[PDB]
């Protein structure tokens, strides 16, 4: 039985080695965060508008000014190859078939260049800064290979304390490789090419990356730039003031700070304050979750684990199936609440509980 996202999670758990499933499903510390990410959606219920002609419905919507099939994206997730062979490509091709963007992780198992050469969809690149020079190299590589949008993830200044991984002594699968860091030379002896080599031999990001550094990144990247990992309207607003074209409210799927608020708690405020695109992720599993966020003003919702369950359970086809179910889910929900055009969603369709 594969009728919803949970069904794929169940199948994924049956097919993945425990260590890998825990890497995927686990959250930080007590996992109160991942639970809160799910529970917060119950803070809203629907107030359908009846007797509305919903015979013709549209899920098409502009994201950052560019039209796509539906307000969804497959968000950046690292080590996809540990879930399914060539996982990054499977996800990218499924997203492309569905008419939505795919975001490649800095910690992907397929390189920026290789993906761009094997997929003609709308590819976005998610950046993690470990070393400024190396980051610049990846950004320029993404630019030259056709990536349309750059996403800076800011919520992993230090690694999250995921206790399942500690219990399992989780180690990156030996057959896997952080492809984007491949060929970053060596032998070079001197400050950089030493301070860099040392940085790469460390599983820690550049914790000093601040607003000033964002300005640097803004000048380097000429296209759309989003800042991911924000949990306040104030930070979202500052990002816009610093040059960002939009933001992605997110708590990294409860994988970094267990007691972090859910981004849903500051969605409406961020939308009202910034006046710019506010995308969101963390906890989305049902079409109703997605519609609630869109009704509150979100430009689009990025999927993390939802599509990864499809990938881990049935590869590319599994991802296609999850996207198909979610699209039919969103469509069904729109019809049921009396909002035929997804772009017409508003808070008026919701009741705060």
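Numbering follows the first chain given and starts at 1.
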Entry-level comparison of average CA B-factors, 83 to 91 and 117 to 125, reporting the higher stretch: 117 to 125
Mean C-alpha temperature factor, higher of 195 to 203 and 253 to 261: 195 to 203
Maximum C-alpha temperature factor, selected from 212, 245, 237, 155: 212
Most elevated Cα B-factor in the entry, residues 270, 282, 136, 105: 136
CA B-factor ranking of residue 74, expressed as a third of its chain: lowest
Chain-relative CA temperature factor third for residue 315: middle
For residue 2, the third of its chain into which the C-alpha B factor falls: highest
Residue 275, C-alpha B-factor rank within chain (lowest, middle or highest third): lowest
Ranked against its chain, the third holding the CA B-factor of residue 324: middle
